[PDB]
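In the authors' numbering, the protein residues as written are 37 to 45, 52 to 255, 274 to 470, 477 to 527, 537 to 560. All C-beta atoms in this analysis are idealised placements derived from N, C-alpha and C, irrespective of residue type, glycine included.
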Ligand SMILES: *[C@@H]1O[C@H](CO)[C@@H](O[C@@H]2O[C@H](CO)[C@@H](O[C@@H]3O[C@H](CO)[C@@H](O)[C@H](O[C@@H]4O[C@H](CO)[C@@H](O)[C@H](O[C@H]5O[C@H](CO)[C@@H](O)[C@H](O)[C@@H]5O)[C@@H]4O)[C@@H]3O)[C@H](O)[C@H]2NC(C)=O)[C@H](O)[C@H]1NC(C)=O
Ligand SMILES: *[C@@H]1O[C@H](CO)[C@@H](O)[C@H](O)[C@H]1NC(C)=O
């Protein structure tokens with residue numbers, strides 16, 4: 037049980059403070075109880091609460107109080123920091139014709155020199171919707187391959203990427219090829235990951251019921285981010301207490317990037333609309349991928365985010381097969397883990413393979429990285445109650461029998483004098499009992515009310540009388556023995 041404090045300079055004049063602990067657990071059908079629950083003001087002994095200062099006052103429950111605390115599973119929430127967006131699978135297209143016919147060195151050359159208004163691949167622009175030549179993206183026009191001798195050794199070595207037949211002397215036969223970088227419809231958003239925060243929910247049910255010798277219910281929710289809640293017009297407050305910091309050994313994903321599918325540039329591709337659908341089977345296919353598998357600058361080949369500079373500047377580009385520089389993309393990680401998921405094995409990139417990923421309440425374009433855990437831990441919950449309506453005051457003053465005045469005259479009439487000593491204006495109720503034993507009919511006790519400093523006399527109708544003074548609540552103050560007859 038808790039004590040009662042005066043409300044120092052949380053709205054109250056007097057305040058009941060109680061501290062409880064609640065712990066979470068995996069209950070089952072058989073053992074279904076993890077709750078912390080306590081009742082107050084129901085038994086005849088726990089009906090009063092000691093005061094912090096001035097013990098002469100105790101507070102009795104006006105209602106019987108039911109408080110129940112339950113704790114959710116413990117979740118690790120990883121803060122996300124937006125990096126940029128990344129294409130799912132870039133692909134190379136090869137052009138060997140244009141609107142004039144086959145590409146060749148004589149009458150219809152492949153054009154990819156920077157600055158030309160005539161690139162066979164076209165340019166890309168930044169912003170993408172622009173056609174201003176000043177907004178052309180460097181290296182976006184791709185590059186040409188032809189039936190010449192490159193700087194390195196060989197005879198017509200640049201024919202390989204475009205599949206050119208450098209032996210036919212024929213104007214229907216193209217002798218040059220253009221190579222352009224393109225991005226498929228699906229774009230992922232990538233996030234950096236911070237160190238996790240702990241999260242849980244504590245439900246506090248406070249139920250007031252009448253005394254017995274209708275019920276009311278208020279629910280307070282508590283969390284590490286919102287640790288203080290109120291109820292019944294600020295008359296009640298609950299607060300979770302402790303170091304909510306993550307523990308040692310919690311998994312860290314700092315070196316990784318959170319890859320969330322976000323955008324379809326061509327919404328007419330049903331496969332793309334599926335990849336961004338916020339349903340649990342696809343959200344569990346979002347990916348954590350090591351940062352060193354990504355190129356944020358796009359000038360590194362065979363890395364997530366590869367772009368025009370890496371594609372065009374690859375050494376001996378024309379001697380390489382198509383789609384070179386474009387390996388190991390998000391689509392390849394997806395297919396790799398998808399086949400593992402489709403065969404009951406454990407992959408390396410899907411979030412479902414990292415733990416109990418929370419898919420609830422996720423809104424598109426506002427993703428989160430949250431994992432439920434094994435953890436069970438106790439959390440102290442401090443409760444405060446405005447005592448104005450929960451308790452009425454009960455005062456306890458000292459009280460003596462005035463021995464120099466309380467006598468017995470020789477008919478049974480006991481003249482008793484009681485004094486309450488001290489200062490105060492709050493009366494206290496006292497019970498006076500008499501136990502005259504030898505052949506004396508019973509004497510009924512009587513309640514007397516005395517404020518500090520007051521003094522009253524009451525008469526009670537070979538013997539001896541045991542007279543006892545009792546407090547308003549389960550105490551005895553003074554006892555005097557007096558002879559009779
Ligand atoms: C906040 O906290 C307070 C108290 O801490 C809660 O109030 C308490 O709610 C309890 C249930 O909600 C309630 O206990 C009930 O007592 C009733 C009898 O007085 C029961 O009818 C009631 O439901 C039963 O529970 C049984 C458990 O299995 C169940 O078997 C039973 O169903 C069988 O029995 C009926 C016949 O009664 C058949 O018709 C039926 O077909 C089944 O055979 C039934 O479900 C439960 O036992 C407490 O009395 C409440 N205490 C107080 C002080 O009010 C609040 O609910 C909490 N608030 C919130 C929001 O959580
Ligand atoms: C929880 O921990 C226990 C041992 O402490 C382990 O056996 C169990 O597999 C764990 N479960 C989960 C879901 O982490």
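Review point. I think residue 525 touches residue 465, with their Cβ atoms under 8 angstroms apart; what is that distance to the nearest whole Å?
Key: On the chain shown, residue 525 is found 459 positions in, with the first residue counted as 1. On the chain shown, residue 465 is found 405 positions in, with the first residue counted as 1. Incorrect: roughly 13 angstroms between the Cβ atoms, too far for contact.
Point to revise | residue 434 beta carbon near ligand 2 (any heavy atom closer than 7 angstroms) | key: In the chain shown, the residue the question calls residue 434 occupies position 374. Yes; taking the cut-off as 7 angstroms, the Cβ of residue 434 has a heavy atom of ligand 2 nearer than that.
Point to revise | Proximal residues to residue 208 (C-beta, below 6 angstroms), its chain only, five neighbours per side dropped | key: For the purposes of this step, residue 208 is taken as residue 166 along the chain shown, with counting starting at 1. So the list reads 189, 198, 201, once near-sequence residues are dropped.
Review point. How many angstroms separate the CA atom of residue 45 from the CA atom of residue 542?
Key: In the chain shown, counting from the first residue as 1, residue 45 sits at position 9. In the chain shown, counting from the first residue as 1, residue 542 sits at position 467. In a straight line, the C-alpha of residue 45 is about 47 angstroms away from that of residue 542.
Exercise for review: Take every Cβ of the segment 241 to 248, pair it with every Cβ of the segment 110 to 130, and state whether three or more of those distances are shorter than 8 angstroms.
Suggested key: yes
Check your understanding: ligand 1 heavy atoms versus the CB of residue 355: any closer than 7 angstroms?
Key -> Here residue 355 refers to the residue found at position 295 when the chain shown is read from its first residue. With a threshold of 7 angstroms, the Cβ atom of residue 355 does not count as near ligand 1, since no heavy atom of the ligand is closer than that.
Check your understanding: Shortest alpha-carbon distance to residue 468 belongs to which of 339, 523, 173, 52?
Key -> Position 408 of the chain shown, counting from 1, holds the residue named residue 468. It is 523.
Review point. Rounded C-beta distance between residue 120 and residue 236? I'm assuming under 8 angstroms.
Key: Taking the first residue of the chain shown as 1, we reach residue 120 at position 78. Taking the first residue of the chain shown as 1, we reach residue 236 at position 194. The Cβ separation is near 6 angstroms, so the contact holds.
Point to revise | Backbone CA spacing between residue 137 and residue 220 [nearest angstrom] | key: Taking the chain shown and counting its residues from 1, the one referred to as residue 137 is at position 95. Taking the chain shown and counting its residues from 1, the one referred to as residue 220 is at position 178. CA-CA distance, residue 137 to residue 220, rounds to 5 angstroms.
Point to revise | Supposed close pair residue 230, residue 130 - CB separation, criterion 8 angstroms | key: In the chain shown, the residue the question calls residue 230 occupies position 188. In the chain shown, the residue the question calls residue 130 occupies position 88. 6 angstroms between Cβ atoms; contact.
**Study point:** Where the alpha helix (DSSP H) through residue 343 begins and ends
**Key:** Position 283 of the chain shown holds residue 343. Looking at the DSSP string, the run of the alpha helix (DSSP H) that includes residue 343 is 340 to 343.
**Study point:** Of the residues 338, 503, 85, 377, the one placed nearest residue 418, counting alpha carbons only
**Key:** One-based indexing of the chain shown puts residue 418 at position 358. For the residues 338, 503, 85, 377, the minimum Cα distance to residue 418 belongs to 338.
Check your understanding: What is the residue span of the beta strand (DSSP E) that residue 406 lies within?
Key -> Residue 406 sits at position 346 when you count from the first residue of the chain shown. Per DSSP, residue 406 belongs to no beta strand (DSSP E) and is neither H nor E.
Practice item. Go ahead and label residue 103 buried or exposed: buried means 16 or more other beta carbons lie within 10 angstroms of its beta carbon, across all protein chains shown. Key: Here residue 103 refers to the residue found at position 61 of the chain shown. By the neighbour-count rule (16 or more Cβ atoms within 10 Å), residue 103 is buried.
Exercise for review: Please classify residue 218: does DSSP put it in a helix, a strand, or coil?
Suggested key: Reading the chain shown from its first residue, position 176 is the one you call residue 218. In the structure shown, residue 218 sits in a strand (DSSP, three-state: E or B).
Review point. Under the criterion of a Cβ to heavy atom distance below 7 angstroms, does residue 279 qualify as lining ligand 1?
Key: The count along the chain shown starts at 1 and reaches residue 279 at position 219. Yes, the beta carbon of residue 279 sits closer than 7 angstroms to at least one heavy atom of ligand 1.
Exercise for review: Starting from residue 133, trace the beta strand (DSSP E) both ways and give me its first and last residue.
Suggested key: Here the question's residue 133 lines up with position 91 in the chain shown. From DSSP, the beta strand (DSSP E) with residue 133 extends over 132 to 137.
Review point. For residue 546, which option in 64, 459, 162 has the closest C-alpha, if you only look at C-alpha atoms?
Key: Residue 546 sits at position 471 when you count from the first residue of the chain shown. Among 64, 459, 162, the Cα nearest to that of residue 546 belongs to 459.
Exercise for review: Could you name the residues that DSSP lists as bridge partners for residue 234?
Suggested key: Counting from 1 along the chain shown, the entry for residue 234 is found at position 192. Looking at the DSSP assignment, residue 234 forms a beta bridge with 123, 317.
Point to revise | Where the beta strand (DSSP E) through residue 559 begins and ends | key: Within the chain shown, residue 559 is the residue found at index 484, counting from 1. Per DSSP, residue 559 belongs to the beta strand (DSSP E) from 551 to 559.
Review point. Between residue 445 and the rest of its own chain, which residues show a CB-CB distance below 6 angstroms, the 5 nearest in sequence each way excluded?
Key: Here residue 445 corresponds to residue number 385 of the chain shown, with the count starting at 1. Taken in chain order, the residues that qualify are 58, 296.
**Study point:** Collapsed DSSP secondary structure at residue 511 in the structure displayed
**Key:** Position 445 of the chain shown, counted from the first residue, corresponds to residue 511. DSSP places residue 511 in coil when its eight states are reduced to three.
Exercise for review: Using 7 angstroms as the cut-off, classify the Cβ of residue 88 as near or not near the heavy atoms of ligand 1, replying yes or no.
Suggested key: By one-based count along the chain shown, residue 88 stands at place 46. Checking the Cβ of residue 88 against ligand 1 gives no.
Check your understanding: Apart from the five residues just before and just after residue 135, which ones in its own chain have a Cβ nearer than 7 angstroms to its Cβ?
Key -> For this step, residue 135 is matched to residue 93 along the chain shown. If we look at residue 135 and ignore the five residues flanking it on each side, its Cβ neighbours are 222, 224.
Check your understanding: Out of 427, 516, 318, which has the shortest C-alpha to C-alpha gap to residue 493?
Key -> If you number the chain shown from 1, residue 493 lands on position 427. Out of 427, 516, 318, 516 has the C-alpha closest to the C-alpha of residue 493.
**Study point:** Three-state secondary structure (DSSP) of residue 376
**Key:** Working through the chain shown from its first residue, we reach residue 376 at position 316. Reduced to three states, the DSSP call for residue 376 is coil.
Check your understanding: Near residue 165, which residues of its chain fall below 6 angstroms by C-beta distance, leaving aside the five closest residues on each side in sequence?
Key -> Taking the chain shown and counting its residues from 1, the one referred to as residue 165 is at position 123. Taking C-beta separations shorter than 6 angstroms and ignoring five residues to either side along the sequence, the partners of residue 165 in its chain run 178, 182, 183, following chain order.
Review point. Looking only at C-alpha atoms, which of 185, 281, 176, 242 sits nearest to residue 161?
Key: For the purposes of this step, residue 161 is identified with residue 119 of the chain shown, where counting begins at 1. Among 185, 281, 176, 242, the Cα nearest to that of residue 161 is on 185.
Point to revise | Simplified DSSP assignment, three categories, for residue 389 | key: Your numbering for residue 389 matches position 329 in the chain shown. Residue 389: coil per DSSP, three-state reduction.
Point to revise | residue 331 (DSSP reduced to helix, strand or coil) | key: Residue numbering aside, residue 331 sits at position 271 when the chain shown is read from its first letter. Looking at residue 331 - three-state DSSP - the assignment turns out to be helix.
Exercise for review: In angstroms with no decimal places, state the Cα-to-Cα distance between residue 139 and residue 205.
Suggested key: Walking along the chain shown from the start, residue 139 turns up at place 97. Walking along the chain shown from the start, residue 205 turns up at place 163. Rounded to whole angstroms, residue 139 to residue 205 spans 13 angstroms at the Cα level.
Review point. According to DSSP, what are the bridge partners of residue 430?
Key: In the chain shown, counting from the first residue as 1, residue 430 sits at position 370. Answer is 119, bridged to residue 430.
Review point. Among residues of its own chain, excluding the 5 on either side of residue 158, which ones have a beta-carbon nearer than 8 angstroms to its beta-carbon?
Key: Numbered from 1 along the chain shown, position 116 holds the residue referred to as residue 158. Short of 8 angstroms from the beta carbon of residue 158, and not among the five residues preceding or following it, lie these beta carbons of its own chain, in chain order: 183.
Point to revise | Cβ-heavy atom distance, residue 274 to ligand 1, below 7 angstroms | key: On the chain shown, residue 274 is found 214 positions in, with the first residue counted as 1. Not so, every heavy atom of ligand 1 lies at least 7 angstroms from the Cβ.
Exercise for review: List the residues that DSSP assigns as beta-bridge partners of residue 80.
Suggested key: Stepping through the chain shown from its first residue, residue 80 is reached at position 38. According to DSSP, residue 80 bridges with 109.
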